[PDB]
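J.: to kick things off, part of the complex as it is:
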Amino acid sequence: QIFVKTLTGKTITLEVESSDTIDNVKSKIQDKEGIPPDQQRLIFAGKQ
């Protein structure tokens, strides 16, 4: 004719937010982004 009562407790979280390895950024630089319409980029030649 009796009872059992017990509560609980929690811990939410911690974070660091660590990212961006160096090998991904070196590949991130050597690319293209697009050029409007007529914004050619050119070639050039010389030094015969």
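T.: Yep, it's here. Residues are numbered from 1 along each chain as shown, chains lettered A, B, ... in the order given.
J.: element containing residue A:8, please.
T.: Following DSSP states H and E, one finds residue A:8 outside all helices and strands.
J.: tally of neighbours for it?
T.: Residue A:8: 4 surrounding residues under other Cβ atoms under 10 Å. All C-beta atoms are positioned from the backbone trio N, CA, C, and that covers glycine.
J.: and it, backbone torsions?
T.: Reported as degrees, to the nearest 10, the phi and psi values for residue A:8 are phi -140, psi 180.
J.: show me the contacts for it.
T.: Not one residue lies near residue A:8 by Cβ atoms under 8 Å, 6 or more residues apart in numbering.
J.: and the gap between it and residue A:44?
T.: From residue A:8 across to residue A:44, the span is 72 Å (Cβ to Cβ, to the nearest Å).
J.: and the residue nearest in space to the middle of chain A, what helix or strand is that in?
T.: The centre of chain A sits closest to residue A:20, judged by Cα atoms, centre = their mean, with a distance of 5.9 Å. Residue A:20 belongs to no helix or strand when elements are defined using DSSP H and E.
J.: could you measure from residue A:13 over to residue A:20?
T.: When residue A:13 is compared with residue A:20 (using Cβ to Cβ), they lie 22 Å apart.
J.: alpha carbons of stretch A:22-31, as PDB, please.
T.: Listed in PDB are the C-alpha atoms of stretch A:22-31, where the atom choice follows Å, rounded to 0.1, in the frame of the first residue of the first chain:
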ATOM      1  CA  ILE A  22      43.700  23.000 -44.800                       C
ATOM      2  CA  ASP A  23      43.500  20.500 -47.700                       C
ATOM      3  CA  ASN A  24      39.900  21.600 -48.400                       C
ATOM      4  CA  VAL A  25      40.800  25.300 -48.500                       C
ATOM      5  CA  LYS A  26      43.800  24.700 -50.900                       C
ATOM      6  CA  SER A  27      41.300  23.100 -53.300                       C
ATOM      7  CA  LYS A  28      38.800  25.900 -52.600                       C
ATOM      8  CA  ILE A  29      41.100  28.600 -54.000                       C
ATOM      9  CA  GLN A  30      42.000  27.100 -57.300                       C
ATOM     10  CA  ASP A  31      38.600  27.200 -59.000                       C
END
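J.: then chain B, please:
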Amino acid sequence: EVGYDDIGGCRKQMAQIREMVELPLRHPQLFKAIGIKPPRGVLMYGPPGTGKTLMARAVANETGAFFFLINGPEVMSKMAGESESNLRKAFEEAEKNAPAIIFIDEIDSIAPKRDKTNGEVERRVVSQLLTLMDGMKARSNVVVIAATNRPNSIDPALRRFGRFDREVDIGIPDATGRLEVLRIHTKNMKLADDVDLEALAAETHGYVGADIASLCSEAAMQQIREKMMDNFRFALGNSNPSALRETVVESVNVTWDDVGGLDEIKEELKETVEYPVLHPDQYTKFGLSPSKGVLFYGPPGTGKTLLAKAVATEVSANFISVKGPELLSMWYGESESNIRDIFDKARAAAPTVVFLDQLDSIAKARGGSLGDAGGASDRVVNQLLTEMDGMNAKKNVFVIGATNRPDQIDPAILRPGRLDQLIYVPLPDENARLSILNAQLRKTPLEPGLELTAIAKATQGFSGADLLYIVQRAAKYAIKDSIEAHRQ
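T.: Time to bring in chain B:
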């Protein structure tokens, strides 16, 4: 594209809504002449599926204003960083294209209450709504409309002042309310002349407005299947009504005609539970209004609960069907607490009849002994000595009580502050035996040669439930008379 004429029942509340969200938007200069600011927040509640989301879309298309929508369980499921910017984007876009309304639904999922079970987020989103709503009142044509299911799980900081001050209670419709939505949902189905509308609405008696679209499509699908129109009664036997396993059950439609006799109880129940709920103008100048408690005692099977659902369907109010051992008593403290929220629910849905059975246990709760329980059946009567007379003039509730042992009545429960009106339910005499049994074989297509006066002469000390076995045995052998009629 819905309009004003698509829903009814809450027309008394629909008229006061049209002066709350259309009058400050169409005429904002009327509040300038009176000086005060127009109200910003009005919320709605009730059972879900009475058209809470369809009501906001009806008044939006009938005004031509901007209609912004933020869903409850959608924007709160993010990682507590984009919800505060979505609410900042909500009020900024509504200010740009004024006049505008803002409809939100399921605000209990956004704004819960603070309780002992801490561990949720419960912050950073509703506090963003607090600092956003208290401003913006520089005669801007913007209003916010909230919608929820449980109106008491909301945080009390919202319903204080200036944020959500006006409330409306769109509940279940009446018998004429379901009759109006039956004509709406059957405007396109080519029915015949055999269907009824008043009898089809009266045979439902507990159906929420979302069921009317489902019950019409179930009967229409049955009519399609017979090609390779009274199929509405087939749809009630197949489909389950909404609010399935709650305390709002209504499936037995026994009225005061189907129950006979006991004229010292029918007029003595009309004196107490129909007079303050219909004519309260005389009760405010002739003492205190309500006569809540009433007791029923007598022999077993004397017709106690036969009149329980009969009075509950006469005024068409709610019927709290709490059984005898409903004090579940899983521990030591919740056994006195689970009886209090059902009393507060009776005050919210007032007037509403509440039923109990044999909960008088303070005569056995003597002081200073050894044989006793661990906190139940001796301290739950101390809660019964303080939660029964918790009355209010704006509710006029009433509670019935049926027992079969009037010798164990507590000396503190037979009091005018408790259930005081005790009425002995006697045996049905020779005049009441005909009034009970003839109303029960009304559904039987019987022959009129057999009169029940011979049954009343053969039953002298029989109860009415024992007479119900006689018409059951007469019907069970009429089934056997019908079984041996189609095989030959």
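J.: same as before for the neighbour count of residue A:8, with chain B this time.
T.: By other Cβ atoms under 10 Å in any protein chain shown, 7 other residues sit near residue A:8.
J.: grab the nearest non-local neighbour of the residue in the stretch 351-488 of chain B that chain A sits nearest to.
T.: Relative to chain A, the nearest point of the stretch 351-488 of chain B is residue B:374 (4.2 Å; Cβ to the nearest Cβ). If the residues on either side of it in the chain are set aside, residue B:374 comes closest to residue A:1, at 4.2 Å by Cβ to Cβ, 6 or more residues apart in numbering or on different chains.
J.: from what I see, the one you found and residue B:373 are in contact.
T.: Yes - in this structure residue A:1 lies within contact range of residue B:373 using Cβ atoms under 8 Å: 4.7 Å.
J.: partner residues bridging the residue most central in space within chain B?
T.: What sits nearest the mean C-alpha location of chain B, by Cα atoms, centre = their mean, is residue B:318, with 4.6 Å. Beta-bridge partners for residue B:318, by DSSP bridges, are residue B:352.
J.: residues contacting it?
T.: Residues in contact with residue B:318 (Cβ atoms under 8 Å, 6 or more residues apart in numbering or on different chains) are B:248, B:312, B:349, B:352-353.
J.: now list the buried members of these.
T.: Among these, the ones that count as buried by 16 or more other Cβ atoms under 10 Å in any protein chain shown are B:248, B:312, B:349, B:352-353.
J.: what strand or helix carries residue 14?
T.: Assuming you mean chain A. Under DSSP H and E, no helix or strand contains residue A:14.
J.: looking at chain B here, not the other one
T.: Short version, using DSSP H and E: residue B:14 is in helix B:11-18.
J.: and the next helix or strand past that helix?
T.: Following helix B:11-18 toward the C-terminus (DSSP H and E): helix B:23-26.
J.: now residue 45: phi and psi?
T.: I went with chain A, as the question did not name one. With angles defined as degrees, to the nearest 10, residue A:45 sits at phi -160, psi 160.
J.: meant chain B actually
T.: The phi/psi pair for residue B:45 (degrees, to the nearest 10) reads phi -150, psi -170.
J.: now the sequence for chain C, which goes on the structure above:
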Amino acid sequence: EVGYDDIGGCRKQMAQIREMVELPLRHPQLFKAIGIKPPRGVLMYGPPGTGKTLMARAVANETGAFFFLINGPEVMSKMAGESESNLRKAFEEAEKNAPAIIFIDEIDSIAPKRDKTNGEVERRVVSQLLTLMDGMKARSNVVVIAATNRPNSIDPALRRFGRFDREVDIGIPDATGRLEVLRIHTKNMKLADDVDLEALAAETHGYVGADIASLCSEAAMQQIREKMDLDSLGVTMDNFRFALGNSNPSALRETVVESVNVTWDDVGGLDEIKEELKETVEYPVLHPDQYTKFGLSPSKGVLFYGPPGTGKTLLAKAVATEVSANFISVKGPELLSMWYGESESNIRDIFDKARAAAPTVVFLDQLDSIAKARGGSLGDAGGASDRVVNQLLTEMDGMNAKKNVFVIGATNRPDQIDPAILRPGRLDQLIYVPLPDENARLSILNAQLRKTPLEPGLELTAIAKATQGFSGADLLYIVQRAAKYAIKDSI
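T.: Let me add chain C to what's already shown:
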């Protein structure tokens, strides 16, 4: 923007709070050549709707200082301890501009007392606020004010010398303070000749100020309700009377805490207990120095027991009307909780509100569920029914005598109660309430006949002479039976 004249009713607390903000900023030379340092923290606390954030914005715009705002649930992070970096970010930004003022509302939401959590990041959040306020060596630059609702849920480390001292309670404007609130809100609305603000504050008990602004707005809704739709509306006296009954006061949290609108002569008979009730808290409040002169503490508790229905709810709530003190309403097993550890702290917060709302009136009903003189029935469980009675017997002894604390009883069983419950010094006067005789049962029916227009041809003592040992509630059953027997033809 609002100003100093924007809010009234708290004129004593306005002049008190104006000293600690103007003197460190306008004339700081008074703190020189006196040795001491000007304080920083001001603590406001009270019920919601009293105008805590209104008083904070009014003192900011009237001085032109660098006002700042720190919200409770906003700056509370779980990422990497960002709440500890954003509190010190707000302190250095307020230190860059002189003079400045910051405001932290709902300070109980940010790092409360550790009776529940005790292990989360909020233990290290409050200790960040300890070293931030104590490291404010910049004299006469930053003044911090705070606002909350419960001063007992906060950690007691804030109430110290350095960070947060000089607390002030924003009370309830009862001494014609609601007239000043009605003068502010109704000065912009168009008025008529029949209205009078003096005939509104006397009937609005409580009414901290937020519902008064809701009352004049709802009275404007009743005025525009009759317009079916160049315009002259005004107001009337019936609009405020419509807003009294058709709108609830601040009682959505608890149903009745103030009164039930009774008086002295609503209990039938019992003129002897009306004389003995004048030795209760009506007596020693207006003269408390006589007990210090006579060198003895007053009476602490009077106990009552007897037949049920003889005035243990009418006289129990008549004390809340004869002095209009800070009444509370608590039931017997409603104090009993479902958790075992809450069994001793639930009486603690009730008694802590009694010493904080002095003068107050408390009561008890059905102490047989609370006393339990055997001390727990069987045992064997994780929790027992023995700490609920052994805590109030010691906590009621550890109270100050000059703080208007007392108890009054209402029971029906004189055997379940413990002998130490009826101990002198805690519950002194063993007064059994009696059944009324034939000389007192005439005014029992007259308690209901005061408000109803009874015909004088009917004899008042003819119905009262049918009682030969009845109770005081039984004559209410006659007028309740007559409430449904008088009409009978008007349907």
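J.: with chain C now part of the structure, what is the answer for the neighbour count of residue A:8?
T.: The number of residues packed near residue A:8 is 7, by other Cβ under 10 Å.
J.: buried residues, stretch B:240-250. List them.
T.: Going by neighbour count (16+ other Cβ under 10 Å), the buried part of stretch B:240-250 is B:241-243, B:247-250.
J.: any chance of those residues in a markdown table with secondary structure and distance to chain C as columns?
T.: What follows is the buried residues of stretch B:240-250, written out as a markdown table (DSSP: H, G, I helix; E, B strand; the rest coil; distance: Cβ to the nearest Cβ, whole Å):
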| residue | secondary structure | distance to chain C |
| --- | --- | --- |
| B:241 | coil | 33 |
| B:242 | coil | 29 |
| B:243 | coil | 26 |
| B:247 | coil | 22 |
| B:248 | coil | 24 |
| B:249 | coil | 28 |
| B:250 | coil | 27 |
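J.: which of those sits closest to chain A?
T.: residue B:247 (25.8 Å).
J.: what's the spacing between the closest one and residue B:329?
T.: Using Cβ to Cβ, residue B:247 is found at 19 Å from residue B:329.
J.: please apply the same query to residue B:407.
T.: The spacing between residue B:407 and residue B:329, counted by Cβ to Cβ, is 25 Å.
J.: which one of those two is surrounded by more residues?
T.: In this view residue B:407 and residue B:329 are compared by other Cβ under 10 Å, and residue B:329 has more residues nearby, 19 against 5.
J.: and the closest residue to residue C:209 other than its chain neighbours, what element?
T.: Nearest residue to residue C:209, sequence neighbours excluded (Cβ to Cβ, 6+ apart): residue C:181, at 5.2 Å. Applying DSSP H and E as the criterion places residue C:181 in helix C:178-185.
J.: next: residue B:143.
T.: Once you assign secondary structure using DSSP H and E, residue B:143 falls within strand B:142-147.
J.: how distant is the following helix or strand past that strand from the center of its chain?
T.: Downstream of strand B:142-147, the first helix or strand assigned by DSSP H and E is strand B:166-169. On the basis of Cα atoms, centre = their mean, to the nearest Å, strand B:166-169 sits 17 Å off its chain's mean C-alpha point.
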